[PDB]
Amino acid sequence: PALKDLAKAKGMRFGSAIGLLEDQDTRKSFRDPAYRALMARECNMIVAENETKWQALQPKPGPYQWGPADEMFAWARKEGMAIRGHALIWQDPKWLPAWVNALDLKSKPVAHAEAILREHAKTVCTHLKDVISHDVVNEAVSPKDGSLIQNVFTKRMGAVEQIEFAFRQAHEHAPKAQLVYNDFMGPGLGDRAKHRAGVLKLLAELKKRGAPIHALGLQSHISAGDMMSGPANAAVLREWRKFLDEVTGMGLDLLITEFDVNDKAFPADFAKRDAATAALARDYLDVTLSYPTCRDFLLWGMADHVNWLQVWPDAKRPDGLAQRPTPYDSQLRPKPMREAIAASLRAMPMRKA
């Protein structure tokens, strides 16, 4: 049985990222027909790795660059796959277009910045009118101290004002879409805990103001420091559960949006590493998937050689070896981590209706 079938029997959609623009000579994903076929076999949901980010659509002023997104999403429609929009706003100035970061907003009313954000949101949402879920704001909380990341929009309007406004515009122009705040907070005791607390604060204030946020997106880029079973991990597990408890207590649904497993703390041996990633995936998914409000699960690529962890520098391994962070290897063969995921999908509670 395919991962989408296990996920669907429990009321959960299963999907994956797929890309065209970045890291093409090495991380060739959409242009590989066999990879497309594997994705269509195991998944019924697609997300754009980079093709619907602001930097890809409007890297300079003028019309949007829908070419690659249109191509991949036409493919998704002909293979019967639901589509997410990733992402409307990526808060850090290193993820906004250069001309956007160079805007002179302080000289103009706040209504001007509101007009700019409305234009962007309206364009993106009415062009992508069949999309089921939008990542409205991406990574708006500092993983160092839980403070809100600043940009030329938040400096002018206020951070919470800007995020609330983005969510309201997304709701206005995509009224059938699940609106998600997407970020990579997770289990951990130090800056991980400060990240979780700042994100809880943002979600609490957003629900308090009446903002139309529907869900939190756990990117779930897990590693060996996210281990939760065992006495040594009692506190980490308790605290992670507390975070998810608070989130679903605010009336927020959940998504697993960018799953992969950072293998840099595991041995060079392919078999031992596959076993360690499988057990870690099983533990983390058993904990996180026991929340019936988590109706979506996506892999940030499903083959090792196309995964971003192969080139992202903070994740290079001390030995020269390539990471093995997804459920399929470079030859598109299933790994033990796929088996762990299938087990977690079998043993998890039925999603709430």
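We number the residues from 1 along the sequence you see.
Between 160-168 and 267-275, the higher mean Cα B-factor belongs to 267-275. Look at the mean CA B-factor for 229-237 and for 115-123 in the entry; the higher one is 229-237. Out of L88, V152, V247, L96, the entry records its largest CA B-factor for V247. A74: CA B factor in the middle third of modelled residues in this chain (values from the PDB entry). Residue-level temperature factors show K108 in the lowest third of its chain, judged at the C-alpha atom. The entry lists a Cα temperature factor for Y64 that places it in the middle third of the chain's modelled residues.
Ranked by C-alpha B-factor against the other modelled residues of its chain, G210 falls in the highest third.
In the deposited entry, the Cα temperature factor of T52 places it in the lowest third of its chain's modelled residues.
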